[PDB]
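Novice: This is the structure, below, for whatever I ask next.
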Amino acid sequence: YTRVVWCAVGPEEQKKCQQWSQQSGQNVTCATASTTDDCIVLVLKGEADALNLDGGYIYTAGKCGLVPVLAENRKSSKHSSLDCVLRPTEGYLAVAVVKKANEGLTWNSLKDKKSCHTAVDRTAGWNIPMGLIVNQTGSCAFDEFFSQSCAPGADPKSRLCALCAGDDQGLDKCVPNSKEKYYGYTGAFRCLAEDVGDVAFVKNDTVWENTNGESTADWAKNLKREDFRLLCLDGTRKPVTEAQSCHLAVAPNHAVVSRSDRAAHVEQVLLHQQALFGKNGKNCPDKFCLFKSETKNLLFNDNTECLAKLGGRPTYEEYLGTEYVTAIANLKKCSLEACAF
Ligand SMILES: *[C@@H]1O[C@H](CO)[C@@H](O[C@@H]2O[C@H](CO)[C@@H](O)[C@H](O)[C@H]2NC(C)=O)[C@H](O)[C@H]1NC(C)=O
Ligand SMILES: *[C@@H]1O[C@H](CO)[C@@H](O[C@@H]2O[C@H](CO)[C@@H](O)[C@H](O)[C@H]2NC(C)=O)[C@H](O)[C@H]1NC(C)=O
Ligand SMILES: *[C@@H]1O[C@H](CO)[C@@H](O)[C@H](O)[C@H]1NC(C)=O
Ligand SMILES: O=C(O)c1cccc(O)c1
Ligand SMILES: [Fe+3]
Ligand SMILES: [Zn+2]
Ligand SMILES: [Zn+2]
């Protein structure tokens, strides 16, 4: 044991971390940086201990040595009262969502349309959908498939950042942090909701969480599921209730990673921290909840019930799985063994 420094990405997660910190009685402190790549860097340097990460990033971090420590576990499909902490994660569904009113749109007609991505390098928002698109077009010219996009983390002056909108003031356009309006699971679905884009690449959960009044935000409060459809790989369209059969891939749950050397200390600190701030936690809701950020998904997706332990003390390849790791490698051949820092 000792204090655990957490790395927050953006001023919003910075604000949330500071609060956790205050409430942990400086048991956990905070370090902020502008992007997840920067936070991976602070950790290698040793100035931060840990952060929660989407699989695509787990891949960046893993090549550099950081290991998965505990994974996100969302409300279980079935009646498993065998603990959340010990219950094996499920993997979330990666889907492609469109407006039902955009009638002729299918997977086979996405060329030249407008797209919304969570962020470059993420599983559902990028790696899954673009990996498939390169594969099918036998061409790495993926910066030219759609006519415009909001893919946070791309070049602000390129096609890919053309639909992004930055912050309140119109600044920080296309930055891969919550300051960019259309970044993340919620930011990319808002991009589609507002009709800035024709298609959004998010997880199944996102569609459900920002519709039928589950979100009281202004852009989403009037959104209904029937007004959306999913794009399957066979070319048909399906309601948002048929995710099970109409998804692009199943995705490894986001997971907390730290440097191998500090992984055990972080593991112990987090299990104790979720005991006071997790779901059914001691100080949640009363004082502070780690898994709540008014649907903004700050430091942890809002639908997390707990951070589970990983059975098999897996490496980042075993945790990300063999299927996915070769998908990310080939896709990345368009721009197989190196830590880029
Ligand atoms: C798609 O996402 C939603 C959101 O997480 C899932 O529905 C929740 O599912 C749990 C059980 O799996 C239920 O107890 C909740 O009542 C559901 N909430 C809503 C809004 O329905 C749904 O299970 C997911 N479906 C797939 C394909 O995984
Ligand atoms: C895109 O295609 C490549 C090549 O088909 C896939 O990589 C192959 O995947 C198979 C089984 O998944 C492996 O046995 C081979 O080792 C892979 N080939 C190579 C060159 O590594 C990749 O999985 C595909 N991407 C997506 C997103 O489906
Ligand atoms: C912080 O950690 C110390 C050492 O484990 C523990 O005794 C204490 O309960 C923790 N305090 C808070 C607020 O989490
Ligand atoms: O393939 C998955 O089912 C899966 C889902 C979650 C975590 C994980 O390592 C794997
Ligand atoms: Fe993700
Ligand atoms: Zn499947
Ligand atoms: Zn192993």
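Each chain of the structure tokens is named A, B, ... in the order shown, its residues numbered from 1; ligands are numbered from 1 in display order.
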Counting only C-alpha atoms and all ligand atoms, which protein, DNA or RNA residues come within 9 Å of ligand 4, given as JSON, numbers by chain?
Specialist: {"A": [55, 71, 72, 73, 88, 89, 90, 91, 92, 250, 251, 252, 253, 254, 255, 310, 314, 316, 317, 318, 319, 320, 321, 323, 324]}
Novice: List all protein, DNA and RNA residues that have at least one atom no more than 10 Å from any atom of ligand 1, counting only C-alpha atoms and all ligand atoms, and write them as an mmCIF file with N, CA, C and O atoms, in the first residue's frame.
Specialist:
data_model
loop_
_atom_site.group_PDB
_atom_site.id
_atom_site.type_symbol
_atom_site.label_atom_id
_atom_site.label_comp_id
_atom_site.auth_asym_id
_atom_site.auth_seq_id
_atom_site.Cartn_x
_atom_site.Cartn_y
_atom_site.Cartn_z
ATOM 1 N N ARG A 74 -20.225 -4.906 -16.287
ATOM 2 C CA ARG A 74 -21.534 -4.265 -16.363
ATOM 3 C C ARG A 74 -22.651 -5.201 -15.889
ATOM 4 O O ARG A 74 -22.414 -6.396 -15.714
ATOM 5 N N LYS A 75 -23.856 -4.658 -15.677
ATOM 6 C CA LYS A 75 -25.006 -5.444 -15.187
ATOM 7 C C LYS A 75 -25.063 -6.742 -16.013
ATOM 8 O O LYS A 75 -25.161 -6.715 -17.246
ATOM 9 N N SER A 76 -25.032 -7.878 -15.314
ATOM 10 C CA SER A 76 -25.010 -9.182 -15.969
ATOM 11 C C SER A 76 -26.267 -9.566 -16.698
ATOM 12 O O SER A 76 -27.370 -9.289 -16.243
ATOM 13 N N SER A 77 -26.078 -10.199 -17.852
ATOM 14 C CA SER A 77 -27.193 -10.624 -18.682
ATOM 15 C C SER A 77 -28.189 -11.457 -17.880
ATOM 16 O O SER A 77 -29.363 -11.104 -17.768
ATOM 17 N N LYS A 78 -27.692 -12.543 -17.294
ATOM 18 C CA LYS A 78 -28.504 -13.474 -16.518
ATOM 19 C C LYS A 78 -28.301 -13.380 -15.008
ATOM 20 O O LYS A 78 -27.625 -12.473 -14.525
ATOM 21 N N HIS A 79 -28.921 -14.310 -14.277
ATOM 22 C CA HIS A 79 -28.990 -14.253 -12.819
ATOM 23 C C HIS A 79 -27.717 -14.886 -12.252
ATOM 24 O O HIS A 79 -27.708 -16.046 -11.820
ATOM 25 N N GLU A 90 -18.131 -9.989 -19.760
ATOM 26 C CA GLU A 90 -18.821 -10.516 -20.930
ATOM 27 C C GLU A 90 -18.319 -10.088 -22.297
ATOM 28 O O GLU A 90 -18.333 -10.886 -23.243
ATOM 29 N N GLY A 91 -17.821 -8.858 -22.369
ATOM 30 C CA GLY A 91 -17.371 -8.314 -23.631
ATOM 31 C C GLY A 91 -18.600 -7.486 -24.047
ATOM 32 O O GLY A 91 -19.744 -7.921 -23.838
ATOM 33 N N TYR A 92 -18.421 -6.286 -24.592
ATOM 34 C CA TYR A 92 -19.582 -5.500 -25.002
ATOM 35 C C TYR A 92 -19.733 -5.598 -26.529
ATOM 36 O O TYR A 92 -18.798 -5.995 -27.224
ATOM 37 N N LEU A 93 -20.920 -5.279 -27.043
ATOM 38 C CA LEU A 93 -21.184 -5.397 -28.479
ATOM 39 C C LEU A 93 -20.861 -4.143 -29.269
ATOM 40 O O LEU A 93 -21.229 -3.046 -28.883
ATOM 41 N N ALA A 94 -20.139 -4.300 -30.368
ATOM 42 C CA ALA A 94 -19.796 -3.147 -31.180
ATOM 43 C C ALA A 94 -20.792 -3.123 -32.325
ATOM 44 O O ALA A 94 -20.935 -4.095 -33.076
ATOM 45 N N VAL A 95 -21.489 -2.002 -32.452
ATOM 46 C CA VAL A 95 -22.520 -1.851 -33.471
ATOM 47 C C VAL A 95 -22.352 -0.603 -34.325
ATOM 48 O O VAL A 95 -21.519 0.254 -34.030
ATOM 49 N N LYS A 203 -21.095 1.280 -28.821
ATOM 50 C CA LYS A 203 -21.439 -0.043 -28.311
ATOM 51 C C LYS A 203 -22.978 -0.125 -28.207
ATOM 52 O O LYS A 203 -23.678 0.893 -28.302
ATOM 53 N N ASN A 204 -23.540 -1.313 -28.004
ATOM 54 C CA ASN A 204 -24.977 -1.524 -27.921
ATOM 55 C C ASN A 204 -25.562 -0.727 -26.825
ATOM 56 O O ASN A 204 -26.564 -0.123 -26.952
ATOM 57 N N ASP A 205 -24.872 -0.732 -25.690
ATOM 58 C CA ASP A 205 -25.342 -0.038 -24.495
ATOM 59 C C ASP A 205 -25.645 1.441 -24.732
ATOM 60 O O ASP A 205 -26.632 1.966 -24.218
ATOM 61 N N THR A 206 -24.794 2.111 -25.503
ATOM 62 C CA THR A 206 -24.944 3.559 -25.724
ATOM 63 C C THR A 206 -26.308 3.935 -26.268
ATOM 64 O O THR A 206 -26.947 4.884 -25.811
ATOM 65 N N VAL A 207 -26.747 3.192 -27.264
ATOM 66 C CA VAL A 207 -28.036 3.469 -27.847
ATOM 67 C C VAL A 207 -29.125 3.425 -26.786
ATOM 68 O O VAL A 207 -29.938 4.333 -26.713
ATOM 69 N N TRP A 208 -29.101 2.402 -25.934
ATOM 70 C CA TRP A 208 -30.096 2.244 -24.876
ATOM 71 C C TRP A 208 -30.069 3.275 -23.779
ATOM 72 O O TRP A 208 -31.119 3.706 -23.290
ATOM 73 N N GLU A 209 -28.866 3.686 -23.412
ATOM 74 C CA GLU A 209 -28.695 4.656 -22.359
ATOM 75 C C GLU A 209 -29.009 6.115 -22.685
ATOM 76 O O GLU A 209 -29.224 6.900 -21.760
ATOM 77 N N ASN A 210 -29.044 6.490 -23.965
ATOM 78 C CA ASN A 210 -29.389 7.872 -24.310
ATOM 79 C C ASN A 210 -30.723 8.003 -25.061
ATOM 80 O O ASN A 210 -30.943 8.966 -25.804
ATOM 81 N N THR A 211 -31.618 7.039 -24.852
ATOM 82 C CA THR A 211 -32.945 7.073 -25.469
ATOM 83 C C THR A 211 -34.069 6.776 -24.462
ATOM 84 O O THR A 211 -33.825 6.330 -23.343
ATOM 85 N N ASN A 212 -35.301 7.041 -24.891
ATOM 86 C CA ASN A 212 -36.520 6.839 -24.104
ATOM 87 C C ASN A 212 -36.515 7.478 -22.702
ATOM 88 O O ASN A 212 -37.143 6.971 -21.768
ATOM 89 N N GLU A 214 -33.880 7.941 -20.670
ATOM 90 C CA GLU A 214 -32.861 7.408 -19.771
ATOM 91 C C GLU A 214 -31.782 8.489 -19.620
ATOM 92 O O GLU A 214 -30.989 8.474 -18.676
ATOM 93 N N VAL A 240 -32.916 -1.957 -32.697
ATOM 94 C CA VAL A 240 -31.854 -1.908 -31.696
ATOM 95 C C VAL A 240 -32.012 -2.913 -30.589
ATOM 96 O O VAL A 240 -31.257 -2.916 -29.618
ATOM 97 N N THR A 241 -33.005 -3.770 -30.757
ATOM 98 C CA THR A 241 -33.275 -4.825 -29.794
ATOM 99 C C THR A 241 -32.537 -6.095 -30.236
ATOM 100 O O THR A 241 -32.292 -6.979 -29.420
ATOM 101 N N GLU A 242 -32.181 -6.174 -31.524
ATOM 102 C CA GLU A 242 -31.485 -7.339 -32.090
ATOM 103 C C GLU A 242 -29.972 -7.229 -32.171
ATOM 104 O O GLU A 242 -29.361 -7.734 -33.104
ATOM 105 N N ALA A 243 -29.370 -6.573 -31.220
ATOM 106 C CA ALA A 243 -27.960 -6.474 -31.201
ATOM 107 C C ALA A 243 -27.311 -7.841 -31.219
ATOM 108 O O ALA A 243 -26.334 -8.029 -31.870
ATOM 109 N N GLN A 244 -27.852 -8.781 -30.460
ATOM 110 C CA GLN A 244 -27.266 -10.095 -30.325
ATOM 111 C C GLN A 244 -26.915 -10.707 -31.666
ATOM 112 O O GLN A 244 -26.012 -11.492 -31.777
ATOM 113 N N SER A 245 -27.639 -10.328 -32.692
ATOM 114 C CA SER A 245 -27.498 -10.959 -33.971
ATOM 115 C C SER A 245 -27.024 -10.025 -35.013
ATOM 116 O O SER A 245 -26.688 -10.415 -36.082
ATOM 117 N N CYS A 246 -26.982 -8.771 -34.677
ATOM 118 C CA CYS A 246 -26.554 -7.737 -35.597
ATOM 119 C C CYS A 246 -25.539 -6.783 -34.977
ATOM 120 O O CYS A 246 -25.883 -5.666 -34.594
ATOM 121 N N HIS A 247 -24.304 -7.251 -34.822
ATOM 122 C CA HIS A 247 -23.211 -6.426 -34.284
ATOM 123 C C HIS A 247 -22.006 -6.631 -35.217
ATOM 124 O O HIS A 247 -22.027 -7.526 -36.056
ATOM 125 N N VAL A 250 -17.639 -8.504 -30.873
ATOM 126 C CA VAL A 250 -17.806 -8.433 -29.417
ATOM 127 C C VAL A 250 -16.441 -7.849 -29.003
ATOM 128 O O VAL A 250 -15.374 -8.208 -29.532
ATOM 129 N N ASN A 303 -22.142 2.543 -16.783
ATOM 130 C CA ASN A 303 -22.870 1.323 -16.515
ATOM 131 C C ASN A 303 -22.074 0.244 -15.795
ATOM 132 O O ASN A 303 -22.483 -0.907 -15.767
ATOM 133 N N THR A 304 -20.962 0.606 -15.176
ATOM 134 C CA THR A 304 -20.166 -0.384 -14.462
ATOM 135 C C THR A 304 -20.747 -0.709 -13.085
ATOM 136 O O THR A 304 -21.102 0.192 -12.328
#
Novice: Counting only C-alpha atoms, which of A:17, A:40, A:9, A:124 gets nearest to residue 58 of chain A?
Specialist: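 Result for the nearest residue to residue 58 of chain A: A:40.
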Novice: As a ChimeraX atom specification, please: every residue in segment 5-250 of chain A that a backbone DSSP assignment puts in strand (DSSP E).
Specialist: /A:5-9,28-33,50-53,66-74,92-99,114-117,148-150,199-203,228-231,237-238,249-250
Novice: Identify which of the residues A:315, A:24, A:169, A:158 lies closest to residue 275 of chain A, counting only C-alpha atoms when measuring atom-to-atom distances.
Specialist: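 Of all the options, A:24 lies closest to residue 275 of chain A.
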Novice: Let's see if you can do this: from backbone DSSP, list all alpha helix (DSSP H) residues in segment 88-253 of chain A, as a PDB file with C-alpha atoms, in the first residue's frame.
Specialist:
ATOM      1  CA  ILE A 128     -13.545  -2.796 -35.448  1.00  0.00           C
ATOM      2  CA  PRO A 129     -15.391  -0.750 -38.175  1.00  0.00           C
ATOM      3  CA  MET A 130     -12.304   0.460 -40.065  1.00  0.00           C
ATOM      4  CA  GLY A 131     -10.570  -2.919 -39.886  1.00  0.00           C
ATOM      5  CA  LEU A 132     -13.625  -4.411 -41.634  1.00  0.00           C
ATOM      6  CA  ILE A 133     -13.708  -1.541 -44.193  1.00  0.00           C
ATOM      7  CA  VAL A 134     -10.043  -1.894 -45.142  1.00  0.00           C
ATOM      8  CA  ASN A 135     -10.484  -5.682 -45.412  1.00  0.00           C
ATOM      9  CA  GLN A 136     -13.436  -5.322 -47.768  1.00  0.00           C
ATOM     10  CA  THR A 137     -11.953  -2.599 -49.907  1.00  0.00           C
ATOM     11  CA  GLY A 184     -16.583   9.023 -26.858  1.00  0.00           C
ATOM     12  CA  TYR A 185     -19.567   6.685 -26.721  1.00  0.00           C
ATOM     13  CA  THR A 186     -21.988   9.514 -25.945  1.00  0.00           C
ATOM     14  CA  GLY A 187     -20.280  12.094 -28.152  1.00  0.00           C
ATOM     15  CA  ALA A 188     -20.390   9.936 -31.288  1.00  0.00           C
ATOM     16  CA  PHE A 189     -24.065   8.955 -30.780  1.00  0.00           C
ATOM     17  CA  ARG A 190     -24.928  12.680 -30.314  1.00  0.00           C
ATOM     18  CA  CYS A 191     -23.137  13.290 -33.624  1.00  0.00           C
ATOM     19  CA  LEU A 192     -25.684  10.955 -35.291  1.00  0.00           C
ATOM     20  CA  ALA A 193     -28.588  12.094 -33.111  1.00  0.00           C
ATOM     21  CA  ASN A 204     -24.977  -1.524 -27.921  1.00  0.00           C
ATOM     22  CA  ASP A 205     -25.342  -0.038 -24.495  1.00  0.00           C
ATOM     23  CA  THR A 206     -24.944   3.559 -25.724  1.00  0.00           C
ATOM     24  CA  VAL A 207     -28.036   3.469 -27.847  1.00  0.00           C
ATOM     25  CA  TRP A 208     -30.096   2.244 -24.876  1.00  0.00           C
ATOM     26  CA  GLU A 209     -28.695   4.656 -22.359  1.00  0.00           C
TER      27      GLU A 209
END
Novice: Restricting the calculation to only C-alpha atoms and all ligand atoms, which member of A:155, A:276, A:221, A:196 is positioned closest to ligand 3?
Specialist: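 Checking each candidate against ligand 3, we get A:276 as the closest.
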Novice: Select, from A:56, A:233, A:219, A:119, the residue with the minimum atom-to-atom distance to ligand 6, counting only C-alpha atoms and all ligand atoms.
Specialist: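 When distances to ligand 6 are compared using only C-alpha atoms and all ligand atoms, the smallest one comes from A:233.
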Novice: Go through the chains and note each residue within 12 Å of ligand 3, using only C-alpha atoms and all ligand atoms, then give the set as a ChimeraX atom specification.
Specialist: /A:1-4,19-29,265-266,268-277,281-283,287-288
Novice: How would the residues just chosen look if you wrote them out with C-alpha atoms as a compact mmCIF listing (two decimals), in the first residue's frame?
Specialist:
# COMPACT_ATOMS: atom_id res chain seq x y z
CA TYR A 1 0.00 0.00 0.00
CA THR A 2 0.67 3.67 -0.66
CA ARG A 3 -1.28 6.41 -2.42
CA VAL A 4 -2.38 5.68 -6.02
CA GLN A 19 -13.39 14.78 -6.08
CA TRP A 20 -12.66 11.12 -5.68
CA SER A 21 -9.32 12.24 -4.29
CA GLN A 22 -10.84 14.66 -1.80
CA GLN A 23 -13.20 11.89 -0.72
CA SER A 24 -10.50 9.21 -0.47
CA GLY A 25 -8.64 11.55 1.93
CA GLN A 26 -5.86 11.74 -0.60
CA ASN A 27 -5.78 7.94 -0.81
CA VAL A 28 -5.89 8.39 -4.49
CA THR A 29 -4.50 11.57 -6.08
CA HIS A 265 -0.64 -2.15 -5.02
CA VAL A 266 -3.19 -0.62 -7.45
CA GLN A 268 -5.61 -3.70 -3.61
CA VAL A 269 -6.30 0.04 -3.50
CA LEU A 270 -9.06 -0.18 -6.12
CA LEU A 271 -10.90 -3.13 -4.56
CA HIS A 272 -10.96 -1.20 -1.25
CA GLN A 273 -12.02 2.01 -3.09
CA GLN A 274 -14.96 0.41 -4.89
CA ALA A 275 -16.03 -0.96 -1.46
CA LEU A 276 -16.75 2.66 -0.41
CA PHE A 277 -17.59 4.16 -3.83
CA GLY A 281 -20.60 1.06 -1.94
CA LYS A 282 -20.45 2.55 1.56
CA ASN A 283 -20.35 6.21 0.50
CA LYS A 287 -21.33 11.20 -0.79
CA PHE A 288 -19.58 9.94 -3.90
Novice: I need the residue nearest residue 38 of chain A from this list: A:7, A:307, A:82, A:64. Use only C-alpha atoms for the distance.
Specialist: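 Among the listed residues, A:7 lies closest to residue 38 of chain A.
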Novice: Taking only C-alpha atoms and all ligand atoms into account, which of A:154, A:70, A:249, A:256 comes nearest ligand 2?
Specialist: A:249
Novice: Go ahead and compute the interatomic distance for atom 1 (Fe, counted along the ligand's line) of ligand 5 and atom CA of residue 61 of chain A, in Å to one decimal.
Specialist: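 Between atom 1 (Fe, counted along the ligand's line) of ligand 5 and atom CA of residue 61 of chain A the gap works out to 14.7 Å.
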